[PDB]
Amino acid sequence: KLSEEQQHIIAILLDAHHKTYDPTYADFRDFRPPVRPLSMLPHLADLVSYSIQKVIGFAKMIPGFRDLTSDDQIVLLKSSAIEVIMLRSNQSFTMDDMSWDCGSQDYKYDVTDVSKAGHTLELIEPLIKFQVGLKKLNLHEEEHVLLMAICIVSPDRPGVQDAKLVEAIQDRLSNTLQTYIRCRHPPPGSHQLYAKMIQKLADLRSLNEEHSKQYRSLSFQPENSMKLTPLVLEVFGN
Amino acid sequence: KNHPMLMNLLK
Ligand SMILES: CCC(O)(CC)CS[C@H](C)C1=CC[C@H]2/C(=C/C=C3C[C@@H](O)C(OCCO)[C@H](O)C3)CCC[C@]12C
């Protein structure tokens with residue numbers, strides 16, 4: 001029925017998100033200007049770098065995350081980073097015109113802008129479909145932050161060491177989510193809600209997979225890799 | 001395994 005601890009976990013994650021997601025998008029002004037070949041890469045690279053920083057800050061506040069080894073923490077962030085960014089970006093995504101609207105026209109990204117970052121439809125289409133499907137769930141902010149935390153602490157991540165501990169931490173987050181839906185999400189919106197959210201995590205592994213291929217191809221050419229940031233290169237691989 | 005910036009942000 002949602003113990004005090006489970007409510008505690010949610011309150012912690014909500015605050016962690018509030019401290020790492022600025023809906024005013026004021027910081028975007030510090031990024032290299034968006035330009036509409038690969039004219040949007042400098043801007044989106046900066047956007048992503050900033051986002052990596054915010055996802056890291058969010059992750060450190062995940063109850064239990066701090067108990068993992070420095071190595072495990074590193075492994076989880078490198079593997080989930082792109083996934084959590086895609087996930088958190090749903091907050092700026094708008095089905096009005098299938099674009100990521102971050103406060104203004106300059107900061108409103110659509111399919112062509114992503115295309116101008118070096119990506120193809122093989123990633124973009126399923127990415128928009130994902131955003132569309134996630135939006136369709138109309139998740140409570142509570143469910144949104146729990147999903148990002150669950151995504152981060154995944155036991156099957158490649159290179160994971162203490163998988164047992166990682167699984168234990170995630171399980172506590174999963175049980176928190178499952179119970180929240182049952183007790184706080186009214187039907188019909190709660191119908192199969194948990195399974196649907198886990199399915200989104202499966203979609204993200206696929207998206208992660210495709211993004212990594214296009215990123216390696218894109219970052220294989222020095223001139224492109226030259227337009228990224230130091231953090232992006234370190235986290236997404238060099 | 002040698003992720004300076006990422007490690008610093010996690011400390
Ligand atoms: C730099 C790596 C790239 O792959 C380019 C080679 C970037 S393009 C790639 C398809 C991508 C992944 C996340 C996607 C998007 C993300 C958008 C946001 C990130 C999120 O963290 C932001 O929150 C700011 C508040 O913290 C805001 O919602 C906008 C939409 C455009 C395309 C983006 C950048």
# chains A, B, ... in the order shown; residues from 1 in each chain; ligands from 1
call {"tool": "residues_near_ligand", "arguments": {"ligand": "ligand 1", "cutoff": "8 Å", "atoms": "only C-alpha atoms and all ligand atoms", "output": "VMD selection string"}}
result
chain A and resid 20 to 23 25 41 44 to 52 54 to 55 82 85 to 86 88 to 93 99 to 102 109 to 111 113 to 114 117 to 119 123 to 124 127 211 214 to 215 218 to 219 228 232
call {"tool": "interface_residues", "arguments": {"of": "chain B", "to": "chain A", "cutoff": "8 Å", "atoms": "only C-alpha atoms", "output": "JSON list (two decimals) with N, CA, C and O atoms, in the first residue's frame"}}
result
[["chain", "number", "residue", "atom", "x", "y", "z"],
["B", 1, "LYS", "N", 36.72, 3.00, -15.78],
["B", 1, "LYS", "CA", 38.01, 2.57, -16.39],
["B", 1, "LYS", "C", 38.64, 3.69, -17.22],
["B", 1, "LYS", "O", 38.83, 3.57, -18.44],
["B", 3, "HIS", "N", 37.57, 7.32, -16.94],
["B", 3, "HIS", "CA", 36.56, 8.28, -17.37],
["B", 3, "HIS", "C", 36.65, 9.42, -16.37],
["B", 3, "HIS", "O", 35.80, 9.56, -15.48],
["B", 5, "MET", "N", 36.30, 12.92, -16.44],
["B", 5, "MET", "CA", 35.18, 13.85, -16.33],
["B", 5, "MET", "C", 33.95, 13.22, -15.71],
["B", 5, "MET", "O", 33.33, 13.80, -14.83],
["B", 6, "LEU", "N", 33.60, 12.02, -16.17],
["B", 6, "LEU", "CA", 32.44, 11.32, -15.64],
["B", 6, "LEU", "C", 32.66, 11.00, -14.16],
["B", 6, "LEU", "O", 31.76, 11.15, -13.33],
["B", 7, "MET", "N", 33.87, 10.56, -13.82],
["B", 7, "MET", "CA", 34.17, 10.24, -12.44],
["B", 7, "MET", "C", 34.10, 11.48, -11.55],
["B", 7, "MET", "O", 33.55, 11.44, -10.45],
["B", 9, "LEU", "N", 32.35, 14.16, -12.00],
["B", 9, "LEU", "CA", 30.96, 14.58, -11.85],
["B", 9, "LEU", "C", 30.20, 13.67, -10.89],
["B", 9, "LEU", "O", 29.16, 14.06, -10.36],
["B", 10, "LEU", "N", 30.72, 12.47, -10.67],
["B", 10, "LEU", "CA", 30.09, 11.51, -9.77],
["B", 10, "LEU", "C", 30.61, 11.60, -8.34],
["B", 10, "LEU", "O", 29.95, 11.14, -7.41]]
call {"tool": "residues_around", "arguments": {"residues": "residue 206 of chain A", "least_positions_apart": "4", "cutoff": "10 Å", "atoms": "only C-alpha atoms", "output": "number ranges by chain"}}
result
A: 83, 123, 126-127, 200-202, 210-212
call {"tool": "closest_residue", "arguments": {"among": "A:236, A:65, A:28, A:180", "to": "residue 165 of chain A", "atoms": "only C-alpha atoms"}}
result
A:65
call {"tool": "atom_distance", "arguments": {"atom1": "atom CA of residue 120 of chain A", "atom2": "atom CA of residue 106 of chain A"}}
result
21.8 Å
call {"tool": "select_by_dssp", "arguments": {"residues": "segment 16-206 of chain A", "states": "strand (DSSP E or B)", "output": "PyMOL selection string"}}
result
chain A and resi 93-94+99-101+108-109
call {"tool": "residues_around", "arguments": {"residues": "residue 1 of chain A", "least_positions_apart": "6", "cutoff": "10 Å", "atoms": "only C-alpha atoms", "output": "PyMOL selection string"}}
result
chain A and resi 176+179-180+182-184
call {"tool": "select_by_dssp", "arguments": {"residues": "segment 5-128 of chain A", "states": "helix (DSSP H, G or I)", "output": "ChimeraX atom specification"}}
result
/A:5-18,26-30,41-60,65-67,70-91,111-115,121-128
call {"tool": "write_last_selection", "arguments": {"atoms": "C-alpha atoms", "output": "short mmCIF file (atom, residue, chain, number, x, y, z; two decimals), in the first residue's frame"}}
result
data_model
loop_
_atom_site.label_atom_id
_atom_site.label_comp_id
_atom_site.auth_asym_id
_atom_site.auth_seq_id
_atom_site.Cartn_x
_atom_site.Cartn_y
_atom_site.Cartn_z
CA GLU A 5 9.98 4.27 2.41
CA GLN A 6 8.34 3.99 -1.00
CA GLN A 7 6.76 7.43 -0.63
CA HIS A 8 10.17 8.62 0.55
CA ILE A 9 11.84 7.17 -2.56
CA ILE A 10 9.36 8.98 -4.83
CA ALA A 11 9.75 12.34 -3.07
CA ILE A 12 13.53 11.97 -3.41
CA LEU A 13 13.32 11.23 -7.15
CA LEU A 14 10.85 14.04 -7.80
CA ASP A 15 13.18 16.56 -6.14
CA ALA A 16 16.23 15.13 -7.94
CA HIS A 17 14.43 15.67 -11.24
CA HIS A 18 13.33 19.18 -10.31
CA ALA A 26 17.49 29.24 -20.06
CA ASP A 27 20.87 27.45 -20.22
CA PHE A 28 20.37 26.66 -23.92
CA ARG A 29 21.72 30.14 -24.61
CA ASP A 30 25.19 28.89 -23.63
CA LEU A 41 25.60 18.92 -34.83
CA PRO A 42 27.45 21.62 -32.86
CA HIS A 43 24.24 22.77 -31.19
CA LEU A 44 22.80 19.30 -30.50
CA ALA A 45 26.20 18.04 -29.32
CA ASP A 46 26.20 20.81 -26.71
CA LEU A 47 22.57 20.05 -25.87
CA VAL A 48 23.50 16.40 -25.30
CA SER A 49 26.63 17.25 -23.29
CA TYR A 50 24.57 19.49 -20.98
CA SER A 51 22.00 16.70 -20.72
CA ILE A 52 24.64 14.11 -19.80
CA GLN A 53 25.61 16.42 -16.93
CA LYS A 54 22.01 16.61 -15.72
CA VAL A 55 21.40 12.87 -15.98
CA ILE A 56 24.54 12.27 -13.89
CA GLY A 57 23.24 14.63 -11.21
CA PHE A 58 19.90 12.85 -11.27
CA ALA A 59 21.56 9.44 -10.99
CA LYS A 60 23.63 10.35 -7.93
CA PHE A 65 23.04 4.38 -6.42
CA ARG A 66 25.74 5.77 -4.15
CA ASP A 67 26.38 2.30 -2.69
CA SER A 70 32.87 3.72 -8.76
CA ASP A 71 33.27 1.28 -11.66
CA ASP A 72 29.63 0.15 -11.55
CA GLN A 73 28.36 3.74 -11.35
CA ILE A 74 30.47 4.55 -14.41
CA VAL A 75 29.26 1.51 -16.35
CA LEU A 76 25.59 2.28 -15.70
CA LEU A 77 25.82 5.92 -16.73
CA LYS A 78 27.79 5.28 -19.93
CA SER A 79 25.28 2.66 -21.07
CA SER A 80 22.05 4.39 -20.03
CA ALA A 81 22.99 8.03 -20.69
CA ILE A 82 21.58 8.18 -24.21
CA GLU A 83 18.47 6.29 -23.05
CA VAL A 84 17.74 8.61 -20.12
CA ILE A 85 18.24 11.66 -22.37
CA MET A 86 15.71 10.26 -24.85
CA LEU A 87 13.41 9.52 -21.93
CA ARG A 88 13.69 12.89 -20.15
CA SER A 89 13.33 14.66 -23.50
CA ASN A 90 9.69 13.47 -23.62
CA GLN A 91 8.96 16.44 -21.33
CA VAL A 111 13.12 15.53 -37.67
CA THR A 112 15.07 17.66 -40.15
CA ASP A 113 17.21 19.13 -37.38
CA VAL A 114 18.14 15.67 -36.11
CA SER A 115 18.82 14.75 -39.72
CA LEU A 121 15.39 7.69 -40.50
CA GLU A 122 16.38 4.30 -39.10
CA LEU A 123 16.88 6.07 -35.76
CA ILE A 124 14.66 9.13 -36.09
CA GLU A 125 11.43 7.33 -36.99
CA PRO A 126 11.50 4.84 -34.12
CA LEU A 127 12.62 7.73 -31.88
CA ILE A 128 9.58 9.83 -32.70
#
